[PDB]
Every structure is written in structure tokens, then in C-alpha cells.
>>> print(open('protein.cif').read())   # mmCIF, C-alpha atoms
data_structure
#
loop_
_atom_site.label_atom_id
_atom_site.label_comp_id
_atom_site.auth_asym_id
_atom_site.auth_seq_id
_atom_site.Cartn_x
_atom_site.Cartn_y
_atom_site.Cartn_z
CA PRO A 13 91.28 -148.54 78.22
CA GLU A 14 90.84 -144.69 78.28
CA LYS A 15 92.56 -144.56 74.83
CA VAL A 16 89.30 -143.03 73.45
CA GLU A 17 90.76 -139.49 73.83
CA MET A 18 93.85 -140.64 71.80
CA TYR A 19 91.58 -141.85 68.89
CA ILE A 20 89.46 -138.66 69.19
CA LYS A 21 92.81 -136.82 68.69
CA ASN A 22 93.74 -139.13 65.74
CA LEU A 23 90.54 -137.90 63.93
CA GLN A 24 92.75 -134.84 63.11
CA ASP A 25 95.87 -136.80 61.96
CA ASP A 26 97.31 -135.81 58.55
CA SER A 27 97.27 -139.53 57.52
CA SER A 28 93.74 -140.30 56.14
CA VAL A 29 94.22 -143.98 57.03
CA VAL A 30 95.03 -142.98 60.71
CA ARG A 31 91.83 -140.84 60.87
CA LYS A 32 89.85 -143.77 59.28
CA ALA A 33 91.39 -146.22 61.82
CA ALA A 34 90.51 -143.80 64.69
CA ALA A 35 86.82 -143.72 63.57
CA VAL A 36 86.71 -147.57 63.35
CA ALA A 37 88.48 -147.92 66.80
CA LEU A 38 85.89 -145.52 68.32
CA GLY A 39 83.04 -147.55 66.76
CA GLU A 40 84.51 -150.71 68.35
CA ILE A 41 84.80 -148.98 71.79
CA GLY A 42 81.10 -147.98 71.81
CA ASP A 43 81.62 -144.81 73.97
CA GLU A 44 79.24 -141.76 73.72
CA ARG A 45 82.20 -139.28 74.09
CA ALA A 46 83.13 -140.19 70.48
CA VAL A 47 79.66 -139.08 69.15
CA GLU A 48 80.32 -135.31 68.59
CA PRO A 49 83.87 -135.85 67.15
CA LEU A 50 82.54 -138.64 64.82
CA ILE A 51 79.59 -136.49 63.58
CA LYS A 52 82.25 -133.85 62.68
CA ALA A 53 84.27 -136.60 60.83
CA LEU A 54 81.24 -137.12 58.45
CA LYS A 55 82.49 -133.92 56.71
CA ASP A 56 86.09 -135.28 56.35
CA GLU A 57 87.67 -134.70 52.92
CA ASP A 58 88.39 -138.46 52.57
CA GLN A 59 85.51 -140.83 51.52
CA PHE A 60 86.85 -143.68 53.77
CA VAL A 61 87.02 -141.56 56.96
CA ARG A 62 83.37 -140.51 56.32
CA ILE A 63 82.38 -144.22 55.81
CA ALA A 64 84.24 -145.25 58.99
CA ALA A 65 82.53 -142.40 60.97
CA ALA A 66 78.98 -143.37 59.67
CA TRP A 67 79.78 -147.03 60.56
CA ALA A 68 81.10 -146.10 64.04
CA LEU A 69 78.09 -143.87 64.79
CA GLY A 70 75.79 -146.80 63.79
CA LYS A 71 77.71 -149.17 66.13
CA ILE A 72 77.60 -146.66 69.04
CA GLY A 73 73.88 -145.90 68.46
CA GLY A 74 73.05 -149.61 68.37
CA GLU A 75 74.93 -150.19 71.65
CA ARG A 76 73.08 -147.19 73.25
CA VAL A 77 69.66 -148.56 72.08
CA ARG A 78 70.61 -152.13 73.14
CA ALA A 79 71.76 -151.10 76.69
CA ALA A 80 68.62 -148.96 77.19
CA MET A 81 66.31 -151.80 76.03
CA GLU A 82 68.31 -154.30 78.21
CA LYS A 83 67.66 -152.13 81.35
CA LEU A 84 63.89 -152.12 80.46
CA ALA A 85 63.87 -155.95 79.94
CA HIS B 7 110.16 -128.80 63.19
CA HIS B 8 109.96 -130.76 59.91
CA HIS B 9 112.01 -133.92 59.45
CA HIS B 10 113.92 -135.83 56.77
CA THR B 11 113.29 -139.53 55.97
CA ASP B 12 115.18 -141.13 58.90
CA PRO B 13 116.52 -144.73 58.39
CA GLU B 14 117.00 -145.19 62.16
CA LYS B 15 113.29 -144.33 62.70
CA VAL B 16 112.25 -146.85 59.96
CA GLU B 17 114.50 -149.62 61.43
CA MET B 18 112.94 -148.93 64.88
CA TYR B 19 109.37 -149.27 63.53
CA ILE B 20 110.31 -152.36 61.48
CA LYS B 21 111.54 -154.11 64.72
CA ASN B 22 108.32 -152.86 66.49
CA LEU B 23 106.24 -154.91 63.93
CA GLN B 24 107.42 -158.01 65.94
CA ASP B 25 106.66 -156.41 69.36
CA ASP B 26 104.63 -158.46 71.93
CA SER B 27 102.07 -155.59 72.20
CA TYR B 28 99.38 -155.12 69.49
CA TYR B 29 99.14 -151.29 70.03
CA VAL B 30 102.93 -151.03 69.27
CA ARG B 31 102.62 -153.26 66.15
CA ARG B 32 99.63 -151.13 64.93
CA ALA B 33 101.37 -147.78 65.61
CA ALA B 34 104.52 -149.07 63.78
CA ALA B 35 102.55 -150.00 60.60
CA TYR B 36 100.91 -146.51 60.57
CA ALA B 37 104.26 -144.72 61.12
CA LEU B 38 105.83 -146.81 58.35
CA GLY B 39 102.97 -145.95 55.94
CA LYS B 40 103.40 -142.25 56.80
CA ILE B 41 107.22 -142.42 56.18
CA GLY B 42 106.57 -144.27 52.91
CA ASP B 43 110.05 -145.85 52.80
CA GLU B 44 110.03 -149.09 50.67
CA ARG B 45 112.33 -150.89 53.19
CA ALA B 46 109.09 -151.40 55.24
CA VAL B 47 107.37 -153.43 52.41
CA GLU B 48 108.43 -157.03 53.21
CA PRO B 49 107.98 -156.55 57.05
CA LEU B 50 104.53 -154.90 56.36
CA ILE B 51 103.60 -157.91 54.18
CA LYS B 52 104.42 -160.29 57.11
CA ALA B 53 102.22 -158.08 59.38
CA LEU B 54 99.22 -158.73 57.04
CA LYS B 55 99.28 -162.26 58.63
CA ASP B 56 99.38 -160.91 62.24
CA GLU B 57 97.09 -162.61 64.81
CA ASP B 58 95.40 -159.25 65.68
CA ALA B 59 92.91 -157.74 63.14
CA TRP B 60 93.96 -154.15 64.08
CA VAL B 61 97.55 -154.86 62.96
CA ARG B 62 96.43 -156.55 59.69
CA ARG B 63 94.19 -153.51 58.99
CA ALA B 64 97.13 -151.14 59.68
CA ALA B 65 99.54 -153.18 57.52
CA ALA B 66 97.07 -153.19 54.56
CA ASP B 67 96.56 -149.42 55.02
CA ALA B 68 100.35 -148.70 55.11
CA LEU B 69 100.98 -150.94 52.09
CA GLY B 70 98.43 -148.91 50.09
CA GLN B 71 100.12 -145.66 51.22
CA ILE B 72 103.47 -147.03 50.08
CA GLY B 73 102.00 -148.30 46.78
CA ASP B 74 104.63 -150.99 46.12
CA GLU B 75 103.36 -153.81 43.77
CA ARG B 76 105.22 -156.54 45.78
CA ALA B 77 102.21 -156.21 48.11
CA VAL B 78 99.64 -157.22 45.33
CA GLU B 79 99.41 -160.96 45.92
CA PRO B 80 99.42 -160.73 49.78
CA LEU B 81 96.72 -157.94 49.56
CA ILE B 82 94.70 -160.21 47.23
CA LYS B 83 94.76 -162.82 50.09
CA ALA B 84 93.78 -160.12 52.66
CA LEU B 85 90.66 -159.43 50.49
CA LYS B 86 89.56 -162.88 51.85
CA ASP B 87 90.28 -161.99 55.51
CA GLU B 88 87.63 -162.85 58.19
CA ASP B 89 87.74 -159.18 59.34
CA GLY B 90 85.62 -156.76 57.24
CA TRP B 91 87.85 -153.72 57.86
CA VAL B 92 90.94 -155.77 56.77
CA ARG B 93 89.06 -156.53 53.46
CA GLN B 94 88.04 -152.83 53.05
CA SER B 95 91.67 -151.75 53.73
CA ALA B 96 93.06 -154.32 51.27
CA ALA B 97 90.61 -153.21 48.52
CA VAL B 98 91.65 -149.53 48.96
CA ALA B 99 95.37 -150.51 48.95
CA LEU B 100 94.90 -152.57 45.73
CA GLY B 101 93.15 -149.62 44.02
CA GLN B 102 96.10 -147.36 45.03
CA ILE B 103 98.66 -149.81 43.59
CA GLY B 104 96.58 -150.04 40.39
CA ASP B 105 97.82 -153.48 39.33
CA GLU B 106 95.25 -155.32 37.05
CA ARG B 107 95.83 -158.69 38.85
CA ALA B 108 93.49 -157.22 41.51
CA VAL B 109 90.51 -156.75 39.05
CA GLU B 110 88.98 -160.25 39.50
CA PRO B 111 89.42 -160.50 43.32
CA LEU B 112 87.92 -156.90 43.49
CA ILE B 113 84.92 -157.93 41.28
CA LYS B 114 84.33 -160.68 43.87
CA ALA B 115 84.64 -158.10 46.72
CA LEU B 116 81.84 -156.05 45.09
CA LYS B 117 79.61 -158.88 46.49
CA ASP B 118 80.98 -158.65 50.04
CA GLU B 119 78.54 -158.96 53.00
CA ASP B 120 79.79 -155.51 54.33
CA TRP B 121 78.56 -152.34 52.59
CA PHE B 122 81.91 -150.54 53.39
CA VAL B 123 83.92 -153.28 51.65
CA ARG B 124 81.64 -153.07 48.54
CA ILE B 125 82.25 -149.29 48.25
CA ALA B 126 86.01 -149.80 48.52
CA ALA B 127 85.92 -152.58 45.81
CA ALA B 128 83.88 -150.28 43.45
CA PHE B 129 86.25 -147.37 44.11
CA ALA B 130 89.33 -149.57 43.48
CA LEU B 131 87.80 -150.84 40.23
CA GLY B 132 87.15 -147.25 39.09
CA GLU B 133 90.84 -146.45 39.79
CA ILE B 134 92.17 -149.45 37.87
CA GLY B 135 89.85 -148.52 34.95
CA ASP B 136 89.61 -152.11 33.57
CA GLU B 137 86.44 -152.84 31.40
CA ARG B 138 86.00 -156.31 32.94
CA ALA B 139 84.40 -154.43 35.93
CA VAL B 140 81.51 -152.86 33.82
CA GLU B 141 78.80 -155.59 34.07
CA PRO B 142 79.66 -156.34 37.78
CA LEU B 143 79.40 -152.54 38.44
CA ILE B 144 76.07 -152.27 36.51
CA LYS B 145 74.79 -155.08 38.80
CA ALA B 146 75.95 -153.12 41.97
CA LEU B 147 73.66 -150.27 40.82
CA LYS B 148 70.90 -152.46 42.47
CA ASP B 149 72.77 -152.67 45.78
CA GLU B 150 70.64 -152.37 48.94
CA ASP B 151 73.03 -149.59 50.12
CA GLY B 152 72.83 -146.15 48.48
CA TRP B 153 76.53 -145.35 49.04
CA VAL B 154 77.45 -148.71 47.37
CA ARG B 155 75.07 -147.72 44.47
CA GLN B 156 76.73 -144.28 44.06
CA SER B 157 80.22 -145.79 44.31
CA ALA B 158 79.39 -148.21 41.44
CA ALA B 159 77.97 -145.29 39.43
CA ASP B 160 81.15 -143.19 40.13
CA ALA B 161 83.39 -146.14 39.07
CA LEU B 162 81.48 -146.54 35.76
CA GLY B 163 82.18 -142.86 35.05
CA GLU B 164 85.92 -143.54 35.68
CA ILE B 165 86.18 -146.54 33.33
CA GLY B 166 84.39 -145.02 30.32
CA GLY B 167 84.91 -146.69 26.93
CA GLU B 168 82.59 -148.48 24.42
CA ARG B 169 81.40 -151.20 26.85
CA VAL B 170 80.27 -148.57 29.43
CA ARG B 171 78.69 -146.38 26.67
CA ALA B 172 76.64 -149.30 25.16
CA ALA B 173 75.64 -150.51 28.65
CA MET B 174 74.46 -146.96 29.68
CA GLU B 175 72.63 -146.42 26.31
CA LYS B 176 70.61 -149.59 27.05
CA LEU B 177 70.08 -149.02 30.82
CA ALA B 178 68.60 -145.50 30.22
CA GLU B 179 65.65 -147.38 28.52
CA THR B 180 65.65 -150.81 30.28
CA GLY B 181 66.58 -149.76 33.79
CA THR B 182 64.49 -148.70 36.80
CA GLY B 183 65.25 -146.59 39.89
CA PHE B 184 68.75 -145.32 40.55
CA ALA B 185 70.36 -147.46 37.76
CA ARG B 186 68.19 -145.77 35.10
CA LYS B 187 69.03 -142.25 36.50
CA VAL B 188 72.77 -143.23 36.41
CA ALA B 189 72.50 -144.18 32.72
CA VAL B 190 70.49 -141.02 31.79
CA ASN B 191 72.99 -138.77 33.66
CA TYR B 192 75.92 -140.64 32.06
CA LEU B 193 74.41 -139.98 28.59
CA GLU B 194 73.97 -136.18 29.36
CA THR B 195 77.55 -135.83 30.74
CA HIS B 196 79.14 -137.78 27.79
#
>>> encode(input="protein.cif", output="C-alpha cells")
Amino acid sequence: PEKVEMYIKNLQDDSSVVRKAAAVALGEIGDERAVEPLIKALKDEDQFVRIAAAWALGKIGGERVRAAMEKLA
Amino acid sequence: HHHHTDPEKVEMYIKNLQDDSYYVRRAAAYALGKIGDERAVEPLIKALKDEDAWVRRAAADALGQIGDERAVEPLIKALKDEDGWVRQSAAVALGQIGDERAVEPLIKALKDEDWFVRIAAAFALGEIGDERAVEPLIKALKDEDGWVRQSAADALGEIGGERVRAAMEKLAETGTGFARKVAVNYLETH
């Protein structure tokens, strides 16, 4: 939906729950553009933003591995 | 520019919680949580039952930001939501409210299938500080996930008291792995 740049922006919102929600949204998109911003979010002051960023990176990485293995098979 | 709490802005976002679009309903819940005006409580409670998981997640999040105890029983129900992030959000919100009625549903959430929900249940139990959580937290020291294990250890440090002390005194001798280290460290820092 090209709203990935909006959630990448939200990773800087003053509301910890908005930054957490942005990391989860980005994990559910599965886009590689979110990778560098999410790795940065692993240093966020809030525990839950860090958890959401580790979760999102896992989801993106799994999708990347799956699509590459799919091409092969 | 910095703004005052605006009732016209809150009324707008309250109406927007019944908007056809899910992005508008989600953005409204986040704006209402950020404003923190209690007028938004009952409409945010209704939004916990929204069809879209993103809206339910946002409503739980905003209700925890607001911290109003009217949200306790509906957030206890959201701890049973099909969506994992709704459950994680509801556990955090219940810890923020700090009402003891959440202790038993949170002890159940410590056994959630999602590692991120289990951390949020342990954290919320540490915030409430109720002793009933001690043995369930000692059990979570054997979680398959390291962040869940540390969260249970951090929550035990938060609760303190005679039940935690006696449990740690024993675990420093009877435990293995991380659980034993937790107990030894607890004994050196107390």
C-alpha cells in the first residue's frame, strides 16, 4: 500500500505504543526497506518497541528465505 | 507549536472510532491514547471488540496509556483474543493500570503460545507486585525463550517479599541453568 514509509517514520513517534505498532506493521508488510530502520529500533528505550522490532525482523527474514527457496524449488 | 488538550479534537477522534476505514479507526485510537483524555475510555472499550485486529491492538494500547480502571474487565477479555499482538497489548495495558483483578488472567498469559505475550505478562505481573505470581514466574525461568526467562527474573526482583526470598534461597541449591543463576544473583543483590 506504500504506507511502509509512514510506519518507518512512526518508528520515531514520541508515543512508544505508536513506535511499537509501526514495528509490528512493518513485520506484517514483509518489505526489505524496513530492515535498516528496524535494526536501529532494537536500541529503542522501550522494551516493547525492541521486542516488536526483533519480531518484525524475524518475519521479514523468514519471508526473504521463503521467497528465495521458493524460486529454487 | 505546542497545544492544549482540545475537546473538539477528542470528539473528532471519538467519532472516527466508528469510521468505515480501519486505518482511520486505528489512527483515532492512537491519537486518543496520546491525548489521554478520559472521555475516550468507553468508546476505546467498544473498539477493543472491533472486527480488525489492528484497531483492537490500538484500542488496548491507548487504554493502557490512559490508565483508567474501567478498562480492566474488557482488557481481561482481550487477553483471550485470537490475535497475539492484541493479547500482548492487553497485558501491557493491565500492568499499567495495576489493578489486582488482572493477576490471575496474567498468570495464565505467562503460558501463552507467543514469546512476546509471555514477556508482557511477566512484566505486568512485576508491576502489580502481587505474590500469587511467584511460583508461576519461577516456572517461566525454564521458558524456551531467553527474553521470557529474563522478564520472569526481572518480575521476581520487582515483587520481593518472603515468598520470593524463600523460593530464591531454595532455587540457588536445587535449580539448574539460568534459574539457578537468577536465584544466586537475587541472593547477592538482597
>>> closest_atom_pairs(input="protein.cif", of="chain A", to="chain B", cutoff="10 Å", atoms="only C-alpha atoms", output="JSON lines")
{"residue": "A:26", "atom": "CA", "partner": "B:40", "partner_atom": "CA", "distance": 9.0}
{"residue": "A:27", "atom": "CA", "partner": "B:40", "partner_atom": "CA", "distance": 6.7}
{"residue": "A:28", "atom": "CA", "partner": "B:67", "partner_atom": "CA", "distance": 9.6}
{"residue": "A:29", "atom": "CA", "partner": "B:67", "partner_atom": "CA", "distance": 6.3}
{"residue": "A:30", "atom": "CA", "partner": "B:36", "partner_atom": "CA", "distance": 6.9}
{"residue": "A:32", "atom": "CA", "partner": "B:67", "partner_atom": "CA", "distance": 9.8}
{"residue": "A:33", "atom": "CA", "partner": "B:64", "partner_atom": "CA", "distance": 7.9}
{"residue": "A:36", "atom": "CA", "partner": "B:91", "partner_atom": "CA", "distance": 8.3}
{"residue": "A:37", "atom": "CA", "partner": "B:60", "partner_atom": "CA", "distance": 8.7}
{"residue": "A:59", "atom": "CA", "partner": "B:126", "partner_atom": "CA", "distance": 9.5}
{"residue": "A:60", "atom": "CA", "partner": "B:126", "partner_atom": "CA", "distance": 8.1}
{"residue": "A:63", "atom": "CA", "partner": "B:122", "partner_atom": "CA", "distance": 6.8}
{"residue": "A:64", "atom": "CA", "partner": "B:122", "partner_atom": "CA", "distance": 8.0}
{"residue": "A:66", "atom": "CA", "partner": "B:122", "partner_atom": "CA", "distance": 10.0}
{"residue": "A:67", "atom": "CA", "partner": "B:122", "partner_atom": "CA", "distance": 8.3}
>>> atom_distance(input="protein.cif", atom1="atom CA of residue B:188", atom2="atom CA of residue B:174")
7.9 Å
>>> residues_around(input="protein.cif", residues="stretch 86-90 of chain B", least_positions_apart="4", cutoff="10 Å", atoms="only C-alpha atoms", output="PyMOL selection string")
chain B and resi 54-55+58-60+62-63+81-82+94-96+111+114-115+118-123
>>> resolve_selection(input="protein.cif", expression="the PyMOL selection byres ((chain A and resi 20) around 10)", output="VMD selection string")
chain A and resid 15 to 19 21 to 25 31 34 to 35 37 to 38 45 to 50
>>> atom_distance(input="protein.cif", atom1="atom CA of residue B:138", atom2="atom CA of residue B:74")
23.4 Å
>>> resolve_selection(input="protein.cif", expression="the PyMOL selection byres ((chain B and resi 107) around 12)", output="PDB file with C-alpha atoms, in the frame of the given file")
ATOM      1  CA  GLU B  75     103.360-153.810  43.770  1.00  0.00           C
ATOM      2  CA  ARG B  76     105.220-156.540  45.780  1.00  0.00           C
ATOM      3  CA  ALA B  77     102.210-156.210  48.110  1.00  0.00           C
ATOM      4  CA  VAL B  78      99.640-157.220  45.330  1.00  0.00           C
ATOM      5  CA  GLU B  79      99.410-160.960  45.920  1.00  0.00           C
ATOM      6  CA  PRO B  80      99.420-160.730  49.780  1.00  0.00           C
ATOM      7  CA  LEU B  81      96.720-157.940  49.560  1.00  0.00           C
ATOM      8  CA  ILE B  82      94.700-160.210  47.230  1.00  0.00           C
ATOM      9  CA  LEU B 100      94.900-152.570  45.730  1.00  0.00           C
ATOM     10  CA  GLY B 101      93.150-149.620  44.020  1.00  0.00           C
ATOM     11  CA  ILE B 103      98.660-149.810  43.590  1.00  0.00           C
ATOM     12  CA  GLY B 104      96.580-150.040  40.390  1.00  0.00           C
ATOM     13  CA  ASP B 105      97.820-153.480  39.330  1.00  0.00           C
ATOM     14  CA  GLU B 106      95.250-155.320  37.050  1.00  0.00           C
ATOM     15  CA  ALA B 108      93.490-157.220  41.510  1.00  0.00           C
ATOM     16  CA  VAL B 109      90.510-156.750  39.050  1.00  0.00           C
ATOM     17  CA  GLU B 110      88.980-160.250  39.500  1.00  0.00           C
ATOM     18  CA  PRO B 111      89.420-160.500  43.320  1.00  0.00           C
ATOM     19  CA  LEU B 112      87.920-156.900  43.490  1.00  0.00           C
ATOM     20  CA  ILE B 113      84.920-157.930  41.280  1.00  0.00           C
ATOM     21  CA  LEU B 131      87.800-150.840  40.230  1.00  0.00           C
ATOM     22  CA  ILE B 134      92.170-149.450  37.870  1.00  0.00           C
ATOM     23  CA  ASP B 136      89.610-152.110  33.570  1.00  0.00           C
ATOM     24  CA  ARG B 138      86.000-156.310  32.940  1.00  0.00           C
TER      25      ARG B 138
END
>>> atom_distance(input="protein.cif", atom1="atom CA of residue B:144", atom2="atom CA of residue B:180")
12.2 Å
>>> resolve_selection(input="protein.cif", expression="the PyMOL selection byres ((chain B and resi 147) around 9)", output="VMD selection string")
chain B and resid 143 to 146 148 to 150 152 154 to 159 184 to 185 188
